[PDB]
Every structure is written in C-alpha cells, then in structure tokens.
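Comments concern the structure below.
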Amino acid sequence: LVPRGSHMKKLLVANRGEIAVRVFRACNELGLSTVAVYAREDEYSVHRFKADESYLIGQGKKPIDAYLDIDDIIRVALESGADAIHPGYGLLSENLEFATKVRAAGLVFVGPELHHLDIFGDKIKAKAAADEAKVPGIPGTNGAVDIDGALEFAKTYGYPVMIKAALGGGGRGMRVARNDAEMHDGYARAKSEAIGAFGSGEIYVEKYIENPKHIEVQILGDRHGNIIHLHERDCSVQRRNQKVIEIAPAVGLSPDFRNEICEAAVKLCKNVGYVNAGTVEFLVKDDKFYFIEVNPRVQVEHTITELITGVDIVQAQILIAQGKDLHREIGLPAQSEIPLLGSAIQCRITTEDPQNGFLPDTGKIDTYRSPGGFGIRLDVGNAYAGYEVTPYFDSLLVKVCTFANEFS
Amino acid sequence: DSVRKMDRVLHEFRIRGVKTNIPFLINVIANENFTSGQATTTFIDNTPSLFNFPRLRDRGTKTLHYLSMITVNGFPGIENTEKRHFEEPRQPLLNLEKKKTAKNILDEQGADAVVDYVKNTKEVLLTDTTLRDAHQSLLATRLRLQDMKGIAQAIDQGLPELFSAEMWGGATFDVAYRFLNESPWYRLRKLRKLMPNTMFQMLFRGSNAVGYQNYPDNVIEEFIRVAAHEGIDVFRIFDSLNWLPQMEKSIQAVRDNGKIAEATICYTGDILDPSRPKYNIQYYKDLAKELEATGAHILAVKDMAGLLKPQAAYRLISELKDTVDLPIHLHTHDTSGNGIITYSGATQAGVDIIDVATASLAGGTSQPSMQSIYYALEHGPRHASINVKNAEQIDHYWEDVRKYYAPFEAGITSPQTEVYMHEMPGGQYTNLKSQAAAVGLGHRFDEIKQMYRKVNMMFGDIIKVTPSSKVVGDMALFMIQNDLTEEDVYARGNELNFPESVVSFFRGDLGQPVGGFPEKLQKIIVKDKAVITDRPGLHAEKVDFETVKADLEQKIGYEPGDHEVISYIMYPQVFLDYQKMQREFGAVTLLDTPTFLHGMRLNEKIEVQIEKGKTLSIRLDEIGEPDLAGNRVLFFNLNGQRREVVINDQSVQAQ
Amino acid sequence: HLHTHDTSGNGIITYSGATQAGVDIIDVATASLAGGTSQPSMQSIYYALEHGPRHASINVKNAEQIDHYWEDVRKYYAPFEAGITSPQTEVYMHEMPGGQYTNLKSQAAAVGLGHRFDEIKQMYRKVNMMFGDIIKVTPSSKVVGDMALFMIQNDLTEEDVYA
Amino acid sequence: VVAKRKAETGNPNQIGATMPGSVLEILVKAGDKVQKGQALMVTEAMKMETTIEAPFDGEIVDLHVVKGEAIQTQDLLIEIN
Ligand SMILES: Nc1ncnc2c1ncn2[C@@H]1O[C@@H]2COP(=O)(O)O[C@H]3[C@@H](O)[C@H](n4cnc5c(N)ncnc54)O[C@@H]3COP(=O)(O)O[C@H]2[C@H]1O
Ligand SMILES: Nc1ncnc2c1ncn2[C@@H]1O[C@H](COP(=O)(O)OP(=O)(O)O)[C@@H](O)[C@H]1O
Ligand SMILES: [Mg+2]
Ligand SMILES: [Mn+2]
C-alpha cells in the first residue's frame, strides 16, 4: 500500500550542514529539485547555497529553535511547492509531532511510518517491541520508573546500572550509577536533561554492561514488504559514550556472529513492518548481543555502509518514499547477494580542541585544503576559506571516510 | 548512476578566476553516444552540437556593479551622501473586519452595480492617493514598488471600506521607467496580486493615456485594453483643456472593457469671483451634462491646483448634484491649507467620494489627510467611511518609509496660499523652480510667479494642468529672461522665436481651449507653422501593432508582451533606455530604497531577495582608493565568496 | 481668545467653526511655520473665511510676502526639525502636547526603549486614566510621561502598582 | 606611471582586455552605429589574433586605446551604448 501523493519533483531538507548537502546531492542525481532552509545565524552555511532554492526560517528565534520550528518549515515546503521533506538526522528527524504535521500537510515525509517513530522514538516502547519480536534485550525496568522502581531494579539486578531517558539522543539523557548515592543524583540529573533537551523526562534503567562493543545494523524496508540489511557497523570507539570513529564491517568479530546480529535486526524490522532507512543498535559482550535502540532515520555513519555495499542509502530512502520496490525498481539484489567489499572507516573532523577539554573553537577559517585520492571520501560540513565558525551549532567541519580492500 | 554523479559533480564545482572546460564536459556526458557506451574515436570531432555553450546567468555581478556605482559615485541628480542606518518600518497591528468591497461588486456584478452601491451609501467614500498623487506631489513621484509592497496587503485587508486606491497613471508611468529603472507594469501586477479586493484607479489623459506625443485612436484603445486586463478597475479620464472630444473614445473603450470610467472636469478660477465669469458655475454644469451624455459612470472634479475654497466647494457640488445623476468624485490638493475644510464643505453638499492621502504623505501640495477628514466628520451628519484605527496603524509604516526619500523632498511641507494668485499645480511649481535655476533666475522667482499669472491672462485665462501648465511656465520664463512685457510681445513678437511648447499650444497640438485663442497673439506666435482646429489624434501617424512588435523584438532580442509594445509606443526612447539599464544593472526594483539611493557602507551587510527562494547576502569589506585614472577596487563578500569589483570614480575623472 | 494646534489636521476647520460661534481672537502661525504640531496657518484661515459671513482681520497680501522671509529662514534650522510636518490623529488617543511627544521620544531612546514607543503612547493613555484623567500640559504632562515610561521599563501593569 | 582606465566589472557596455598583449587594428570610431557581432578591433596576445566583437547593437561612445598600444588584462578598450 503506497500513500497517495508519493510522486516527487521537489524535495526540501529540514536540516542543515553536511546532511543537508548529502541529501541535495542524492536529489540532484535523481532529477529532483531541492529546497534548503536556514536560520539567520546559519546564513553562511554551505547547505544554503547548494540547494536550487532556499528560505530563511525561524525569524527572531534562537538559531536551534529556528531549526525546530515545525510550522515555519512546513510553511516553506508549501510555499515553495515541495513534494517531500527529508529530515536528515538530529533535530526533528525522530519527532512524531513533526512527521505527523508534515504528512497532515499533504507532504511526503522521507522516513518510516508514524507508528514506527512512536515505538522507536521512545526507547521503552522500543524494548517492548524487541521483546515482542523475540530479540534479546538488556534486563531492564518493566516500563518507566520513579526513583523507587529504579532502586528496586538495582536491588534485583545489581550495580552498576545505566539510567536512561525514554527520548535520549547522542548521549544526553543517560547516567551510570555504581551506587545508591549516584542513583539518586544520576536519576535527578538524567530527568533534568531529558526535560531540558527533549521536553519530556521519563526514565527507565537497564543493566550496565562492562566493556561492550557497540554494533549496529543498517536496514532498508520498502512499502512492498521487502526488508534487507546492509551488514553492520562497529561504533565502539567512543568518548563519554559519544561516537568518535566508526568502522565497517565489524572486522574484529566473526562473520557468523555478525550475520546473526544482522538477522536479529531484520527479524525485528520484519515484525513491525519497518519502512525506509533505519538502524538497529546492539551492545555486544563475549559472543552475546543485546538490543538497545532503533534509530528510525539515516545516521551520520551511513557513509561507511555505502562504501562497503555499493548501495546509495540516501537515494534509496528517497526512492522508497516515492513508493518504489527495493528489488524491482531500486535494483538492490537479494539479501545473500548484497556486496561486502573491503572495509571503511569514518572520522569526523571538528573544531573540538583536545587540549582545552574538547571545547569547540570558533572564529574564521583562514586556510582549508582538502585531500583526495584513491580510497578517500569527503562529506563536508561548514568549512571553506573565509567561513566563520559560530558558537550556535555543532562543531563539524568535515567527515572523512577511507575505504580499502584490507582494513590495515 | 555514474553518469548522473559526474553530471552532479561538474555542475557543483565553483572555480573562479580562470576559464575551464567544464561546459564542454557537461555537453559530452549529456549526449546519447556517450551514455549508451558506444562512442568511437571520431564521435566528438563529428558532433558540432557539443560546442554550443549556453550563456550562464550572472545576476550577482550586475548587482555588485550597481552597488559599486552608487556607493562610489552617488545616485544621479541628488547629493552623494553617506547612508543612514534605518530601522525596519513598523508593521501595523490591524483589527480586521471582512466586508464586501466595491471591487468585489465590480467583478461579481459590473460597473453600474458599483454606481448603485455608491448612490446608496450615506457616508462619504474615500479613495487613497498615497500610491500615486501623494508621492507625485511630495517626492517627485519617486515612491518605489519595493516600499509599496511591504504594506499593500495591510491596506487591502485593513481598509476594505476604500472606494479605490489610486495607484497608476499621471507621472508614475514615465518616472518608473526613466528614473527608478522599474516597470510600471510590474508594479501593477505585483500590487494587483497583493490587493485582490481593492479597486485600482489610474489617472488617464483622454487623448494620450500616460504619454506626451500625439497617438492615434487605436493606441489609446489598446492601452486601455491592456491596463484593464492587467488590473486597472477605474480610469479617471481628463483633458487638459476640458475639451470633450479628447475624452469620448477613451470613455467608450473603458466601458467596452467592462471597467469604470470617471469623466473629469478640471477646476480653475473661482466660481465665487464674478470678475472671472468665463469659468462660472454654468460652465461647469454645461460640461457636466455633456459628460453625463457620454455614458461615463462617474463625474470627477479635479482641482489640480487646490484652488477650491470651502464655500465654492459647497456651491459647486450642490449645483452639480442637481444637474446630473452620476456620483461625484472630488479631488483637491491641500496646498492652501484649506483641503480638509473644503472636503468637509463638499460633504455637506452631497459629494459621493473624495481623494485623500495617508497623514504622513498628506498636507502641503498633497491631498488632504484621510485620517483627518474622518475626525472632522466624526460628529457630523455624514461620516467618512473608513476604519480609522487601522488607517492610523498603517500610517506608521508610511511615516517610516517617507524618511528614505529625504533627498527628493521639495522642501518643508506647509501651506502656500499664493496658489490662488498664480494657479500652478505643484509639479509645475517645483519644475518651474528648477528651470529658473538652470538659467540663473532662481533669485527672480517671485517675478516669475507674477509673470505666470500675467501669461495666463494673456493666453485668454486657461486651464493649467499638464501639459497646458508647462505652456504657461515656459512662456513666463521666456518673457522675464528676455525682459519682455505683454506690450513688447504684441509689438516685436514677429521677430521672436517663442518656446516650443507655446508654439504647439497655439497650433492646436494640445486641443482647443475654452473660448478659442486670442487671435493676434496666435498669429504672432504660430507664424508659418501648421495650425489645426480639430482633434490632434485625427492627424496622428498610423500605427501597426504587428510592425511595431517586430521592430521592437529585433531591438530587445526577445518577444515582447502586449504591455511592452504599448510602453514602447508611449515612450520609445525611455523604454529603450530602460532596457539598456536592465541589461547593465539588472532588477534594481528589488533593492531596499536606502540601498537603491546610497549603495552600501563599509562593513555593511544587505540581503537582496532576487527571486522566490534566492537571496544575495552581500557584505562590503573594503573600498579601495582611486588610482589616477579613477580605478577603484571594492571587495565584497557575496554568498560566502570574495568578489573583487572595479568601478570608475567619476569625481577623479572630472577633476 | 482661542488657541489650538493643527496636530490632527483639523485646525483650520476648527478655527472656522469657532468663528461662526463668535470667537473673538485666534492664534495662528505664518504658513511656512504652520501645520503639524504648530498652529494653523494665518494666511489659510483668511481664505477659509473670505467668502463667509465673517472674515478674518489681516492684510493677507502683506502676510504672504512676509511668509517668504520665514520660508527662507526656516531652512537654516533643518538640523532641529522634529521630523516631517504632516497630520497625526493619534493625539486624540494619547493627548500628549507636542513637546511632551518629542521629549518622551528622547527619554525612551536614552533608556533603550525607542523600539517600544507605541506601547509607551498606549501606557501614557492608561496612566492618564489611572491618575483620574488629568489635564496634561507642562509640567503635568511630564508627570504622566515619567510614570508611563517607568511602568513599561519595569514591566508593570496597573495592578502591579496597586499590588 | 599613470595607470590605464580599467573596464568596470560586470558592465557590459565596457569591453576590457581579456589578456595582456597589444592593439593591431581599430575598425570603428566614436559615434559609429554598430551591430551585434560586428568587428570593432583586433588585438594580439602571444601573437595569436583576437577580433573584438560588439556584444549587441548600439552606438560606439569612445575608444580608449590607440593603434599599436600595449594593453594589460582589464584595460578598457572601448565603450558602447
Ligand atoms: N451649528 C453648528 N454646530 C456644530 N458644528 C458646527 C456648526 N456650524 C459649523 N460647525 C462646524 O464648523 C465647521 C466649519 O463651519 P464653517 O461655516 O465655518 O465652514 C463651512 C463653510 O465654509 C462651507 N459650508 C458648509 N455648508 C455651507 C453652506 N451651506 N453654504 C455655504 N458654505 C458652506 O464648508 C465649511 C465646512 O462646513 P462643515 O459643516 O463640514 O464643518 C463645520 C462644522 O464642523
Ligand atoms: N546498558 C548500557 N550498558 C553499557 N553502556 C551503554 C548502555 N546503554 C548505552 N550505553 C553506552 O552509550 C552508547 C549510546 O547508547 P544509546 O542507548 O544508543 O544512547 P544514544 O541515544 O546516546 O545513542 C552506547 O554505544 C554505549 O557505549
Ligand atoms: Mg544510540
Ligand atoms: Mn492631482
């Protein structure tokens, strides 16, 4: 069942920076015209000048609020005659309200069904869905809890434990408690950030696993019941639980084991009829794996999966949202035939100063010379000679990927 | 997909400062020989279509050329001064009421139904002249579309009670092209869309539309057809000498196009001065009856010099209302300081509609204030029909916008009762001031106003409105400049070359004046040139729209719309000069007014909206010093790129 | 002896009305220093009454000639011009005499509220009612201004004051 | 050293030298009416020869070079109206 109005001529990206440029490039390659949105303070962003047209949004608001201005973004889509909105990642890309209103305005939302944003946007509902699909999860509170249900959990399962917000993202709604006193403190502070950053503060707890790998599986689902995985990614290289370097495939794990992980992700996505791009995230410890999250959108590290499979994930997203069949029209092979070529690594180069506690630097870029060659892929954010890095947005300058037959 | 990616990449490259082979590569990968995979070693050498390269558009660069021009050399005809920091104009806080408007009625039921709506209205109705006559009087007609658009929706929604908005014709057509480098047709379309419920009114000269040549009838008819199609609802048709034959065809064509025709009587003299009986109340009644017989929908009284005193307005209107059944639409200027009281008088006499300007563009040589007449009638038997609180809010925007036009201000806005003595309408007064300057008689202007008055009597006492007012001016100037009395002119005129405009007047090129010409003086002035006594347009060189259209397309390099064709016919050189300016500077209409007039300051950033979805973010980073040949180099940032622009500094060159 | 300002654009018609009612003396300014927040024009009122039942007593031709001098002299004072001379009917809402209007403009500037002036005119009107509805002329007009300014700048509603 | 007047950037009424070289021949003079494509002058760069063509119909306003004069990139050659 394909929604009415799935044909596209023009697409608008409700985002900024590298991901917006990435989506425009796919659109242009598909013969779609593009529309950008920008906050006043972000007016020198590359993504603004890569679109076929662009519009200021969020007048008079703080810059991040401008990018979260649902009504104003919809206003631009309708005024420009866009057919579709691609939300990128971050910002409103997992936001049920936004997708609902985009669809209610007769536009295509390039992403999964509302039902999927609801159950995978909420991490409690997501663990429920994973249990239902018979995918092993991490022992955790039955649902959301007050501090007494939390302490109860720690009594049942033991310290240490991970305090997690239902709507946590990037790592902002989570705290490790190795203690009673850290449980009271951690719980309070995870609830604050969750209200502050995402407007609601529901909390659950999970068993905290020691020295795990973080392994995640890329999924595509279409509107014709096809689901496939594009192998996995190892994102274990983290700082303060934030991804720094990602690789693909997971070269330090056995192919049988990786395959098992991929099949578990597929099982879950089949069970709920997942549509469009999504990722299933697992923690891995001694040849066991545990479900933690689904990100029901594209991710920053999709790039490395494109390189080892040959599949253009963003193009796929857009074609799926146009109602196309993964195999028949988009041209992906059967699952056993998905390529697995070499390995790939992605680093994000930022203005974070490692000798100043990773505080991101600001100011004007005097010189920007980008390398190339065989096995190099660059997806630029805001970096060019003359560009003024502001304090308002993330510190990303450019994403660098390398790819080769051998990991070394 | 590999081919699509190449194509994406080639288009995405930005390389400036040297030419590249990119446009050739783009052609190669577009071709079917390449995409099939079947190309051979001889493919390129035998495919000449690969060498056709499109001209790639550069709006950005014409903009920087214009900004650099104004920044360095100033705006022509005004003082080259440094640009003030202007706040955004205030937007109004409206209390909207939804009502059916005259425009709605015209479109749903036609013109006669509008006339009936007017007859049944007890309140005096208002036409807003803010978009046309008010700035023609106060700001040398320089008000720009860009400023008009920012408040137009507010006027439409805000003041649905308006009979109409006067927004076109008079000097606006010409000035828009010639001095503002913007098309009056684009102004009409843009405002038309923003104001769908407001009747749009224009001033239209019966024989010439908006021009000053002698056009044949088919031109006048075509102008009307296009204007009407493009959104003009009410045509106020006048003739400079109140000569009815000049008006008849126009009136018929407006009716034929389904629009409203006001037939106009120009007021002059004083119906209450029995020593000037030539323009007495009977004159006006007689002419009003003839105008009624043409089938005009409304009678307009155009008091172009603001001569009408309140007792005369009362007598005139009351008599006219007992002479014809058409609604009467009165137009005056506040030049004497008696505009409100005259309108209030006319209201007591039954007047149906009056022409008013928003307060901040009212008074002086403009129309009386809209907001003021509301309050003058608030406690009388007849109110003015307007949402005054909304009108006051909207006035804020115009108060702010007016400050941008400081360099074009005629002087301080205050009364001038000497208009009763000389009878110059306002433009004639300011223009005649420039002319006496350019000839070094600025110091004798008061002798000139005195001569203007004498000349008027010498010519038989005439109606003075454009272009007949100029006829009187040129002569009066001539006569002072060559130390001539009226006696001198009658004695030794046979050996003098009189000014062009005077000669043309006395040949009948402006039509026939009331009471004919003074005979001896006519002979003296016209000498051996051809004199006519019938309608000048009967003598007009024929005009074939297909010929002219082809001629024009050749000249501008694309197929002109009907509106362009008629512009070219109306003002040929000006239209061609506008085209050249578009080609050099692009669409300057899109610039905010202070930028249009003064360019940019060092370290200033501006945003130019060049299209829906396209904005030029422009910052001026450096203004280099001129070298000895005048070369200056400015450095801009345009949408994150450094741009180096060379402009020639005229002050050095003219050293 | 009646004195008004032409701030609303109704000065001449008001003086004319007053003339029919028997007023004995009126305050007028020469044309080039008339209109706006000034008095109505001396030369204008002559001509408004010229054909009525009661005339103005003045040598109007002489007055016109003299106005020329003032028209020229006024140009020397360009830097002090309050703005463009035109009508402003909002005076009926706030009732500030002209000096109170311009001064209260400077004060809102000096405190960085120039951008909220229209809220200030609105507050000036509320304050006036709050004080019992008072006569506002110097210095009572200033009393109302200072308060209205104070009240905006410290974000206070009338009740806040009462409360 | 009195610099040569340069052609104004983005002004299509002014034709500036595209590369350094010299002026071989001048085919038109001040006042002449001229047609799009018509040859106005010939210049040399590395002894390659370029013919300067009128960008559109119009009237020559003035020349700013003389026969056999040396020219640098951006030097103003000829103005058109
Ligand atoms: N008895 C009364 N009660 C209350 N208010 C009174 C009044 N008599 C006069 N006014 C006010 O004074 C304004 C000027 O009256 P005025 O007779 O001086 O000045 C008159 C007069 O110059 C002329 N006008 C009006 N009716 C006239 C008539 N019937 N005959 C000749 N002239 C007339 O038009 C001007 C404006 O008259 P309008 O009636 O609109 O405006 C009047 C009205 O607002
Ligand atoms: N239960 C847990 N035990 C140990 N580490 C965890 C747990 N949950 C999350 N983490 C750490 O935080 C990272 C992000 O986990 P996730 O739940 O996906 O939060 P986010 O919303 O920040 O992506 C993981 O890769 C892991 O390093
Ligand atoms: Mg995660
Ligand atoms: Mn007029």
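Identifiers in this document derive from the order of the structure tokens: chains are assigned A, B, ..., residues are numbered from 1 separately in each chain, and ligands are numbered from 1 in order of occurrence.
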message: So that I can see what lies close to stretch 199-210 of chain A, please list as a PyMOL selection string the residues with an atom at most 9 Å from it, counting only C-alpha atoms and leaving out residues fewer than 6 positions away in the same chain.
response: chain A and resi 123-124+138-146+149-150+153-154+157-167+173+176-177+187+190-193+283-285
task: Just the residues within 12 Å of residue D:20, please, counting only C-alpha atoms, with nothing from its chain fewer than 2 positions along; format it as JSON, numbers by chain.
output: {"D": [16, 17, 18, 22, 23, 43, 44, 45, 46, 47, 48, 50, 69, 70, 71, 72, 73, 74, 75, 76]}
Selected residues written out with N, CA and C atoms, as a short mmCIF file (atom, residue, chain, number, x, y, z; two decimals), in the first residue's frame:
```cif
data_model
loop_
_atom_site.label_atom_id
_atom_site.label_comp_id
_atom_site.auth_asym_id
_atom_site.auth_seq_id
_atom_site.Cartn_x
_atom_site.Cartn_y
_atom_site.Cartn_z
N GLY D 16 36.81 45.14 -21.84
CA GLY D 16 38.14 45.20 -21.28
C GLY D 16 38.97 44.11 -21.86
N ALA D 17 40.27 44.31 -21.86
CA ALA D 17 41.19 43.29 -22.33
C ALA D 17 41.12 42.03 -21.49
N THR D 18 40.95 40.90 -22.17
CA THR D 18 40.87 39.58 -21.53
C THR D 18 42.25 39.00 -21.19
N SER D 22 48.66 43.42 -27.27
CA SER D 22 48.61 44.73 -27.93
C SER D 22 47.51 44.89 -29.00
N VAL D 23 47.26 46.14 -29.37
CA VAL D 23 46.23 46.51 -30.32
C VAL D 23 46.79 46.60 -31.74
N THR D 43 43.21 42.47 -31.69
CA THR D 43 44.29 42.51 -30.69
C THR D 43 45.13 41.25 -30.71
N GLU D 44 46.32 41.36 -30.18
CA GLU D 44 47.21 40.25 -30.15
C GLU D 44 47.64 39.87 -28.76
N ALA D 45 47.74 38.57 -28.55
CA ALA D 45 48.23 38.02 -27.31
C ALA D 45 49.09 36.86 -27.72
N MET D 46 50.39 36.96 -27.51
CA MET D 46 51.27 35.89 -27.90
C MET D 46 51.16 35.69 -29.39
N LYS D 47 50.88 36.78 -30.06
CA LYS D 47 50.77 36.81 -31.49
C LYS D 47 49.64 35.98 -32.04
N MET D 48 48.68 35.70 -31.19
CA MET D 48 47.52 35.00 -31.61
C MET D 48 46.69 36.22 -31.85
N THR D 50 43.02 38.14 -31.87
CA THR D 50 41.61 38.12 -31.49
C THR D 50 40.91 39.34 -32.05
N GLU D 69 49.07 50.20 -29.43
CA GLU D 69 49.28 50.47 -28.00
C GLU D 69 49.30 49.15 -27.21
N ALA D 70 50.11 49.11 -26.16
CA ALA D 70 50.23 47.90 -25.33
C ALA D 70 49.11 47.89 -24.29
N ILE D 71 48.65 46.70 -23.93
CA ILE D 71 47.49 46.56 -23.04
C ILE D 71 47.70 45.44 -22.03
N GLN D 72 47.22 45.69 -20.82
CA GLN D 72 47.18 44.68 -19.75
C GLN D 72 45.75 44.19 -19.51
N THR D 73 45.63 42.99 -18.96
CA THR D 73 44.34 42.42 -18.66
C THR D 73 43.49 43.42 -17.86
N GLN D 74 42.22 43.57 -18.27
CA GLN D 74 41.21 44.51 -17.71
C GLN D 74 41.28 45.92 -18.27
N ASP D 75 42.32 46.24 -19.03
CA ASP D 75 42.42 47.58 -19.63
C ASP D 75 41.18 47.85 -20.45
N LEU D 76 40.64 49.05 -20.30
CA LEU D 76 39.44 49.42 -21.04
C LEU D 76 39.73 49.77 -22.49
#
```
Pull out every residue of chain B that has at least one atom within 6 Å of chain A, counting only C-alpha atoms, and report them as a compact mmCIF listing (two decimals) with N, CA and C atoms, in the first residue's frame.
```txt
# COMPACT_ATOMS: atom_id res chain seq x y z
N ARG B 4 25.17 10.22 -13.88
CA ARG B 4 24.45 11.19 -13.09
C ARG B 4 25.37 11.82 -12.05
N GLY B 613 12.93 32.16 -3.21
CA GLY B 613 13.92 31.16 -2.93
C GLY B 613 15.36 31.52 -3.22
N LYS B 614 15.66 32.74 -3.70
CA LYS B 614 17.02 33.19 -3.92
C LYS B 614 17.34 34.57 -3.29
```
query: What does the distance between atom CA of residue B:561 and atom CA of residue B:548 come to in Å, to one decimal place?
result: 11.8 Å
Distance query residue B:446 at most 12 Å, only C-alpha atoms, self and fewer than 6 positions along chain excluded, as a ChimeraX atom specification: /B:418,421-422,429,432-433,436,452-453,476-477,480 /C:64-65,68
Limited to N, CA and C atoms, could you put the picked residues into a file as a PDB file, in the first residue's frame?
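In the end it all went to out_27.pdb:
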```pdb
ATOM      1  N   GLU B 418      -0.454  81.524  -1.986  1.00  0.00           N
ATOM      2  CA  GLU B 418      -0.206  82.242  -3.252  1.00  0.00           C
ATOM      3  C   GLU B 418      -0.633  81.441  -4.489  1.00  0.00           C
ATOM      4  N   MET B 421      -3.169  83.085  -6.518  1.00  0.00           N
ATOM      5  CA  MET B 421      -2.723  84.144  -7.401  1.00  0.00           C
ATOM      6  C   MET B 421      -2.181  83.511  -8.720  1.00  0.00           C
ATOM      7  N   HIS B 422      -1.267  82.554  -8.637  1.00  0.00           N
ATOM      8  CA  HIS B 422      -0.659  82.044  -9.827  1.00  0.00           C
ATOM      9  C   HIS B 422      -1.327  80.759 -10.391  1.00  0.00           C
ATOM     10  N   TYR B 429       5.127  73.987 -10.129  1.00  0.00           N
ATOM     11  CA  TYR B 429       5.759  74.979  -9.265  1.00  0.00           C
ATOM     12  C   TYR B 429       7.208  74.591  -9.016  1.00  0.00           C
ATOM     13  N   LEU B 432       9.183  74.563 -12.393  1.00  0.00           N
ATOM     14  CA  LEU B 432       9.461  75.886 -12.883  1.00  0.00           C
ATOM     15  C   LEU B 432      10.580  76.502 -12.034  1.00  0.00           C
ATOM     16  N   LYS B 433      10.753  75.972 -10.820  1.00  0.00           N
ATOM     17  CA  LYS B 433      11.828  76.413  -9.919  1.00  0.00           C
ATOM     18  C   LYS B 433      13.177  75.942 -10.445  1.00  0.00           C
ATOM     19  N   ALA B 436      14.192  77.989 -13.618  1.00  0.00           N
ATOM     20  CA  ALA B 436      14.698  79.346 -13.364  1.00  0.00           C
ATOM     21  C   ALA B 436      16.147  79.314 -12.803  1.00  0.00           C
ATOM     22  N   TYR B 452       3.746  84.351 -14.622  1.00  0.00           N
ATOM     23  CA  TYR B 452       2.931  83.146 -14.847  1.00  0.00           C
ATOM     24  C   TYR B 452       1.469  83.513 -14.818  1.00  0.00           C
ATOM     25  N   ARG B 453       1.127  84.356 -13.871  1.00  0.00           N
ATOM     26  CA  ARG B 453      -0.225  84.835 -13.726  1.00  0.00           C
ATOM     27  C   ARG B 453      -0.634  85.749 -14.878  1.00  0.00           C
ATOM     28  N   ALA B 476       6.382  82.302 -19.459  1.00  0.00           N
ATOM     29  CA  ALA B 476       6.581  83.324 -18.422  1.00  0.00           C
ATOM     30  C   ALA B 476       8.058  83.492 -18.151  1.00  0.00           C
ATOM     31  N   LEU B 477       8.733  82.361 -18.142  1.00  0.00           N
ATOM     32  CA  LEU B 477      10.171  82.277 -18.027  1.00  0.00           C
ATOM     33  C   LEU B 477      10.887  83.033 -19.186  1.00  0.00           C
ATOM     34  N   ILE B 480      10.461  86.879 -18.897  1.00  0.00           N
ATOM     35  CA  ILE B 480      11.325  87.514 -17.891  1.00  0.00           C
ATOM     36  C   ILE B 480      12.742  87.523 -18.452  1.00  0.00           C
TER      37      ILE B 480
ATOM     38  N   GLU C  64       1.450  87.258   3.057  1.00  0.00           N
ATOM     39  CA  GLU C  64       2.067  86.287   2.101  1.00  0.00           C
ATOM     40  C   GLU C  64       3.519  86.680   1.792  1.00  0.00           C
ATOM     41  N   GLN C  65       3.733  87.955   1.547  1.00  0.00           N
ATOM     42  CA  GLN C  65       5.104  88.458   1.233  1.00  0.00           C
ATOM     43  C   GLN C  65       6.029  88.178   2.426  1.00  0.00           C
ATOM     44  N   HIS C  68       7.539  84.682   2.889  1.00  0.00           N
ATOM     45  CA  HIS C  68       8.717  84.348   2.096  1.00  0.00           C
ATOM     46  C   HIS C  68       9.975  84.388   2.883  1.00  0.00           C
TER      47      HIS C  68
END
```
message: Here is a test: counting only C-alpha atoms, which residue of B:537, B:586, B:127, B:244 is nearest to residue B:216?
response: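 Ranked by minimum distance to residue B:216, first place goes to B:537.
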field: Selection: 12 Å around residue A:255, only C-alpha atoms, excl. self and same-chain fewer than 6 positions, as a count of residues only
entry: 7
- prompt: as a PyMOL selection string, which residues of stretch 114-360 of chain A does DSSP assign to strand (DSSP E)?
  reply: chain A and resi 161-165+174-177+203-207+213-221+227-239+242-248+276-285+288-295+343-350+352-353+359-360
